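Undergrad: There's a structure below that I have some questions on.
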Amino acid sequence: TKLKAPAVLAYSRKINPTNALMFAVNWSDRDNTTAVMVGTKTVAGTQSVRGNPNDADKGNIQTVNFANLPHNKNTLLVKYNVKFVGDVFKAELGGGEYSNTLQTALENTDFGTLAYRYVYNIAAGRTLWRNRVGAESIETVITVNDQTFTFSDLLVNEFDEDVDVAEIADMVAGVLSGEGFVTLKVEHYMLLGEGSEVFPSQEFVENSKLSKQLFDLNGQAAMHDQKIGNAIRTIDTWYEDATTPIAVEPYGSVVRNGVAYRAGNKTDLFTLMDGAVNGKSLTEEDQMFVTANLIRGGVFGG
Amino acid sequence: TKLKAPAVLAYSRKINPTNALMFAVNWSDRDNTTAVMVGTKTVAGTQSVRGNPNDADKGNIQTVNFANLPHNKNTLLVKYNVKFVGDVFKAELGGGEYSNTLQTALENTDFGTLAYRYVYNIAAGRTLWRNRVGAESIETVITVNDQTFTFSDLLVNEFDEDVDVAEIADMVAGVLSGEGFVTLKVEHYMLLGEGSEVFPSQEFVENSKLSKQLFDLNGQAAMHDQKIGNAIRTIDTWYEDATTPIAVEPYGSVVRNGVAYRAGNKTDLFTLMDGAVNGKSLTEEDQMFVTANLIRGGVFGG
Amino acid sequence: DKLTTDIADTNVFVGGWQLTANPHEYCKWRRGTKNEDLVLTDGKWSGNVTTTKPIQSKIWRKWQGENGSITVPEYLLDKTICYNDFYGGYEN
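Going down the list, the sequences are from chains M, L and A.
In the entry's author numbering, each number is its position in the first sequence, counted from 1, plus 1.
In the entry's author numbering, each number is its position in the second sequence, counted from 1, plus 1.
In the entry's author numbering, each number is its position in the third sequence, counted from 1, plus 837.
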């Protein structure tokens, strides 16, 4: 026995968001959208690094990218489309023995809690990352198969029971449990105030003159689709000493805190995945974690 | 012990001001706000550069900006929204092996005084550097959670007692010590005189380029958001040989004076946070300085 | 075979050559290589130094430096001495 893995085994992304475009609107006039633009501003700092104090003198003086709301509109709108996709247990490019034993292992997983946590991360505005900082009110409009759901300020770190989140999560769980797909056009309205600086996705650059460069599409401020998709799967509350939901990862790994939350304590994806294939009984929360990693995607080879 | 600081450790900015848009009003006609336009006059002159002696014969048609009040309005109005945000102890890139120790070492911070000095720098006119100079009348209106506050005569150098700043400082300290945000719409009306020349903030030009760029949003004179953020945190009167409040820097460093006040004398932020996570007894003033830096934010790694 | 009881020219019984400049030219006290000195000034190195990062695997103690100078042979001046906080000079 002991089906190990295909070395080539990989799964695809079952939750595909678009690039979250940023627009400037008013809280009452949400139809007059204007492209928030990514400009560049120059900056004179103080050269304050942790190490040597003898270069605290003279300017830091460099250019960065900035994106502010114009001072005639006080609301930031974030447009994206999240497409949940079915056939989640089939391997896109992995094998056909290990994948179907994993399919039969997770065939009784609770897709309802999975879909509710995804639609809650969409609807509470967790896809907004620092744009929620100092927001009067966060209104999320989710249009799914010609049905508009409006959400007020929900508490994000706890997945409290809401009937409209459960309503959208019904078709999202129906998609994720079987075949098919569903599309969620999500519009965020946050009253950031007139002229408030917004926070689009920053870019990775090496030889650029900009110290910080924001992601843009034809100059319009936008968030990365991988950033939005990372904030979809910030549902993991089933690791050891769970306090806050972290992103669904094969190791429970957060880059920012610098510590993996499921590595070294036999609660990672690969040990539970090999156990689920080899026939030991999985509990419900780690079954949901393994299914969440399957619909996240990733090469589970090695 | 020996809790060594993370290399990725950073804090977000917690005092977020908008760009200070500048308008022309009268002293008794405060509602008619006309936007102060940056004019730009051309100056004819040959180029003189060190690297190109062959190009000094002809060229360098430069066109330098300026910004005065119009000859029918005698009051300059400066509008900006300062957004104070809470949970200043949360590290955004740091983590929680060091940032959680900082939470539990700076919980005894008197945020009342911190916030007082922030709102006093807001109200007294620290955010109006060269255009409060020579003004026969200074006025500040703060609108906060549908409350209007009026300030006329506050000397900016010392933080004297006035119950109006104190009133706002209460809700500002309640934000900064706890969770949430507060927004102060600050409009400064300074009576400089009929057609007096005003002072927007300056973009960085090269050694060559043009003489001086004034800060423009959509053609109208304004001042930088980080420059106002320099004004708000200008509360540091707790370094050794403290004469005037300086901007709270991780090294206590001012660029324009060519000296750093807290660098190289064991009062820099980094030694104080390592002392806090190693648990030696801090006084109230340096702990307040550390909390002011964490409110300011910035990456502290090495 | 070097510290012998002869006078030679670079020897120890030197006689006749004390009159000449030969025992001070061919027998040089602290005869070293050319040795130029790359100097660290406030964290900023002078010549072809290029600060690098050490492996941070097992370092117990590492003290930092801002001033001072390093003595580099002229042979290794051709390439960057690549000064580092943990181990000083090398060939990389």
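Cβ atoms here follow ideal geometry from the backbone N, Cα and C, with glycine treated the same way.
According to DSSP, is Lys-84(M) part of a helix, a strand, or is it coil?
TA: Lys-84(M): strand per DSSP, three-state reduction.
Undergrad: Among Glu-137(M), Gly-60(M) and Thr-244(M), which one has its Cα closest to the Cα of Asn-27(M)?
TA: Comparing Cα-Cα distances from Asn-27(M) to each of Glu-137(M), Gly-60(M) and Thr-244(M), the minimum goes to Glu-137(M).
Undergrad: Find the residues of chain M that neighbour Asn-82(L), judging by a C-beta separation of less than 8 angstroms, and give them in chain order.
TA: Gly-194, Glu-195, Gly-196 and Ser-197
Undergrad: Are the C-beta of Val-120(L) and some C-beta of chain M separated by less than 8 angstroms?
TA: False, the Cβ-Cβ gap to chain M never drops below 8 angstroms.
Undergrad: What separation, rounded to the nearest whole angstrom, lies between the Cα atoms of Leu-840(A) and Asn-929(A)?
TA: 40 angstroms
Undergrad: Strictly under 8 angstroms for the Cβ-Cβ distance: is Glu-204(L) near chain M by that measure?
TA: yes
Undergrad: For the alpha helix (DSSP H) containing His-861(A), list its first residue and its last residue.
TA: 859 to 862
Undergrad: Is the distance from the Cβ of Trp-239(M) to the Cβ of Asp-287(M) below 8 angstroms?
TA: yes
Undergrad: With DSSP collapsed to three states, give me the class of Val-164(M).
TA: helix
Undergrad: What is the C-beta distance between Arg-297(L) and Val-260(L), in whole angstroms, given that I count them as a contact (C-beta under 8 angstroms)?
TA: Not really, about 20 angstroms apart at Cβ, beyond 8 angstroms.
Undergrad: In terms of alpha-carbon separation, which member of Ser-212(L), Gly-196(L), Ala-293(L) and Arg-118(L) lies closest to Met-38(L)?
TA: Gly-196(L)
Undergrad: What did DSSP end up calling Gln-288(L) once you bin it into helix, strand or coil?
TA: helix
Undergrad: Name the chain M residues that come within less than 9 angstroms of residue 316(L), Cβ to Cβ?
TA: Here chain L comprises residues numbered 2 to 303, so residue 316(L) is not present and cannot be evaluated.
Undergrad: Would you identify the three-state DSSP class for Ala-293(L), choosing helix, strand or coil?
TA: helix
Undergrad: Go ahead and pull the three-state DSSP assignment for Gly-299(M).
TA: strand
Undergrad: Can you say whether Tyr-81(L) is buried or exposed, counting buried as having 16 or more other CB atoms within 10 angstroms of its CB?
TA: buried
Undergrad: If you reduce the DSSP assignment to three classes, tell me which class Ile-16(L) lands in.
TA: strand
Undergrad: With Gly-40(L) as the anchor, note down where its beta strand (DSSP E) starts and where it stops.
TA: 40 to 45
Undergrad: Using DSSP's beta-bridge definition, name the partner residues of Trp-882(A).
TA: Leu-877(A)
Undergrad: With DSSP as the reference, please indicate the residues paired to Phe-24(L) in a beta bridge.
TA: DSSP output for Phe-24(L) lists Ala-36(L) and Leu-78(L) as bridge partner(s).
Undergrad: Among the residues of its own chain, which have a CB less than 7 angstroms from the CB of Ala-57(L), if the five just before and after it don't count?
TA: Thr-47, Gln-48 and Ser-49
Undergrad: Which whole-angstrom value describes the C-beta separation of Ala-6(M) and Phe-301(M), a residue pair presumed to lie in contact below a C-beta threshold of 8 angstroms?
TA: 7 angstroms
Undergrad: Does DSSP put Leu-273(L) in a helix, in a strand, or in coil?
TA: helix
Undergrad: For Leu-156(M), count the other beta carbons within 10 Å of its own beta carbon; 16 or more makes it buried, fewer makes it exposed. Which is it?
TA: Flag for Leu-156(M) reads exposed.
Undergrad: Just mark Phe-850(A) as buried or exposed, buried being the case when its beta carbon has 16 or more other beta carbons within 10 Å.
TA: exposed
Undergrad: Whose CA, out of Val-183(L), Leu-185(L), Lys-267(L) and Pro-71(L), lies closest to the CA of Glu-241(L)?
TA: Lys-267(L)
Undergrad: Can you list, in chain order, the residues of its chain whose CB lies under 8 angstroms from that of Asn-279(L), leaving out five sequence neighbours each side?
TA: The beta carbon of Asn-279(L) is closer than 8 angstroms to those of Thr-2, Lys-3 and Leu-4 in its chain, skipping five residues each way along the sequence.
Undergrad: State the Cα-Cα distance for the pair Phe-152(M) and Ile-139(L), rounded to the nearest angstrom.
TA: 44 angstroms
Undergrad: Who pairs with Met-191(M) in a beta bridge, going by DSSP?
TA: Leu-77(M) and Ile-139(M)
Undergrad: Could you tell me the distance, in whole angstroms, from the CA atom of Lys-15(M) to the CA atom of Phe-24(M)?
TA: The alpha-carbon separation between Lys-15(M) and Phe-24(M) amounts to approximately 27 angstroms.
Undergrad: Quick check: does the Cβ of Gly-280(M) come within less than 7 angstroms of any heavy atom belonging to the ligand SAM?
TA: What this structure holds is no ligand at all, so the ligand SAM is not there to describe.
Undergrad: Can you tell me whether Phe-160(M) is buried or exposed? The criterion is at least 16 other CB atoms within 10 Å of its CB, across all chains shown.
TA: buried
Undergrad: Give a yes or no on contact between the segment 122 to 131 of chain L and the segment 90 to 106 of chain L, applying the rule of three or more CB pairs nearer than 8 angstroms.
TA: no
Undergrad: Under a CB-based cut-off of 8 angstroms, is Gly-280(M) close to chain L?
TA: no
Undergrad: Is there at least one Cβ from chain L nearer than 8 angstroms to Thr-110(M)'s Cβ?
TA: no
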